[PDB]
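The chain below stands alone and is given in structure tokens; this is the form deposited without this ligand.
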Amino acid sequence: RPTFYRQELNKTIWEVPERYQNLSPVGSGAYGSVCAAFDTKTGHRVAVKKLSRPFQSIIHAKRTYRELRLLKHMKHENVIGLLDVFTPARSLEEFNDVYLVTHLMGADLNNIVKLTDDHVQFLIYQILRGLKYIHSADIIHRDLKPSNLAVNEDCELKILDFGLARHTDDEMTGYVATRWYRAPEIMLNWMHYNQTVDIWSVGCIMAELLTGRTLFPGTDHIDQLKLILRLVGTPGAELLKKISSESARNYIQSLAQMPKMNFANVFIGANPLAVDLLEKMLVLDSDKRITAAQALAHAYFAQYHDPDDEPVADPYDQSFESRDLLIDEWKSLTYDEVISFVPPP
């Protein structure tokens, strides 16, 4: 067991192992408070996140378990991973606080977004390479957007900030980036959605790297659906059948029919292989979109694609998601996961 030291940073008590030094506040979300630190063990600048009220409700206890399980599983160059997890508690009886340690992220994609076609190839390649790994575990991100992508001076990219089913109605309302990257089936609750929603989000991201503009900057959910359908066309009877909400079906049928536009006349000057890939991602019927594994083999990525270096994940058991438990049962499962953690080589 390491020796812990205590200190108050911006109105909060932090108790951490001696290996973590020179803590300075650097974050203010909802999930927790975040400090930058130097790890004396590895030599890395690191992010230390202290969870707020991790066990205040069944909902919160289960979210805390979910986020730890997910972060302990992800071992990929293009995904956020866990360097350490710790609690100052000596027993389950006194267990209240959970701290997560990752590499310290600087720029997000917004901070770096003038880009060549070669920059767009390499950036979208890394998103698909990390997505193929994510989807192979039967995990759905549900919230890919430029603020959820960390990028360094060398244009190396990692995916972070997995959707933990946290996003709120008020957060999705009006002229907001939080909704611009979402698939229409999940934006308007048309159907049981699946991993294809992430490919729609990657298409909105690639289009914005090519043009420097948001592809669908809607002023509300209805404005955004009108922008989407003017690009990809209105649905035919085959997709209409697959919308379970009678009311969402009737509203769509109220709209005058529109054909799919010519993407060469929308993405003017773009590499033709870039245009062809966008047509394969931005398909209204989710059953018909290109998968991450299929996209990696598209000729657009010819100079980066290496099928011996696009790894898949170990199997990921999510049976806990259908389990009904007490606050103390989730907290007990969380404790075992903290104490069993094994750091990377």
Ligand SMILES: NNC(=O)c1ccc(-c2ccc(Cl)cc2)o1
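Note that the rigid core is defined as the largest set of C-alphas that superpose within 1.5 Å between two forms. Start at 1 and count along the sequence shown; that's the residue number.
With 240-248 and 99-107 as candidates, the stretch whose CA atoms show the greater average offset from this form in 6 other deposited structures of this protein after a core fit is 240-248. Farther on average from this form in 6 other deposited structures of this protein lies stretch 24-32, the comparison being between 24-32 and 285-293 by RMS Cα distance after core superposition.
The records show that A165 is omitted from the coordinate set of at least a third of the other eligible entries of this protein.
Of the other entries compared for this protein that flank it with modelled residues, a third or more give no atoms for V176. In the deposited entry, the stretch joining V113 to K114 is interrupted by 1 to 3 residues of the deposited sequence lacking coordinates. In this entry, 315-323 shows the higher mean Cα temperature factor of the pair 288-296 and 315-323.
The PDB entry reports B-factors from which the mean C-alpha value can be compared for 103-111 and 123-131; the larger average falls on 103-111. Ranking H73, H167, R142, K226 by the C-alpha B-factor listed in the PDB entry places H167 at the top. Take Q253, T173, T234, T196 and read off each C-alpha B-factor from the entry; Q253 has the highest. In the PDB entry, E156 places in the middle third of its chain by CA B-factor.
Per the deposited record, the Cα B-factor of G163 falls in the highest third when ranked against the other modelled residues of its chain. Ranked against the other modelled residues of its chain, the C-alpha B-factor of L51 as given in the entry falls in the highest third.
The deposited CA B-factor of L277 belongs to the lowest third of values across its chain. Placement of the Cα temperature factor of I243 within the chain: highest third of the modelled residues, per the deposited record.
Omitted from view is the form solved in complex with this ligand, to which the following refers.
Residue contact with this ligand in the deposited complex: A293 places no heavy atom within 4.5 Å of it. Among residues of the shown chain, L284 is one whose heavy atoms approach this ligand to within 4.5 Å in the deposited complex.
Residues are counted as partner-facing when one of their heavy atoms sits within 4.5 Å of this ligand in the deposited complex; in 197-229 these are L225, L229, in sequence order.
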